[PDB]
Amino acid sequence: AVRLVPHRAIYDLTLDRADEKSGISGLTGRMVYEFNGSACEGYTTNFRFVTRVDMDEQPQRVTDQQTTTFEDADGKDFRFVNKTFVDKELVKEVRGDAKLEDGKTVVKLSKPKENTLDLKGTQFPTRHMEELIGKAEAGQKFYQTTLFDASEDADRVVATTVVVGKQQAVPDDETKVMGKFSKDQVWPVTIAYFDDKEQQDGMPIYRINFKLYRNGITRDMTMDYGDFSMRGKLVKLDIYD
């Protein structure tokens, strides 16, 4: 019984920490997230991820990831498109479908190649987000689950461990931008992503920390990619009707 609010949110990306291994000297970027739909309607998610990464030796590299998804009301279907541009050239495109039928996840992909995949039964991003809020509202602070998000190659189920903290409402730069929801409580949330196939030290493949609102909005993002981490700060929030 969670009602995610339709909105457009623009985040400004900055470099948090850089490993020597990474070779990254700078990273500025932006992310634009738009989410619309309804339990009756369904959910449409549009997002673009742009990172300008500086390398000392090399010329700048600007990666633009553009994606669009749709998830059905019942949460049994999930349509997805992944485009990735490197210095303005489309270098990767991922496009397919997945359905929740027979406690299995059948993934039908249009691109790069035409392929079907029976995977482990799971949940999709809107449902998972909804479960995160519910568990949080009901006082839960630690749990394990799986997810299919159609990121990277869209060929697997990811185990996600969620850790929730105490509700806080500390006004910051992000809050001023938001408006009416600016004075609402948030839950600190850390999601660590694990894959069964291999872990270097049982390390998660990716980890993100964020502050989450009851209505699905999030801010104060930090993405740990391993060697390097990125920061995402909300800079503009548009609340739809």
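Note that residue numbering follows the sequence shown and begins at 1.
**Q** For the C-alpha atoms alone, is the average B factor greater in 141 to 149 or in 85 to 93, going by the entry?
**A** Of 141 to 149 and 85 to 93, the stretch with the higher C-alpha B-factor average is 85 to 93.
**Q** Please compare 212 to 220 with 36 to 44 and name the stretch with the higher mean C-alpha B-factor in the deposited structure.
**A** That would be 36 to 44.
**Q** Looking at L132, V164, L117, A159, which one carries the largest C-alpha B-factor according to the PDB entry?
**A** Largest recorded C-alpha B-factor: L117.
**Q** Quick check on the deposited entry: does the C-alpha B-factor of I24 sit in the lowest, middle or highest third of its chain?
**A** Middle third, going by the recorded CA B-factors of the chain.
**Q** State the tercile, meaning the lowest, middle or highest third, of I239 with respect to the CA B-factors recorded for its chain.
**A** It falls in the top third of the chain.
**Q** By its CA B factor, does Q60 count among the lowest, middle or highest third of the modelled residues in the chain?
**A** For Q60, the deposited C-alpha B-factor lands in the highest third.
**Q** Check where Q200 lands among this chain's C-alpha B-factors and tell me if it's the lowest, middle or highest third.
**A** Within its chain, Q200 is a highest-third residue by C-alpha B-factor, going by the deposited values.
**Q** By the record's CA B-factor, is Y225 among the lowest, middle or highest third of residues in the chain?
**A** Middle third, going by the recorded CA B-factors of the chain.
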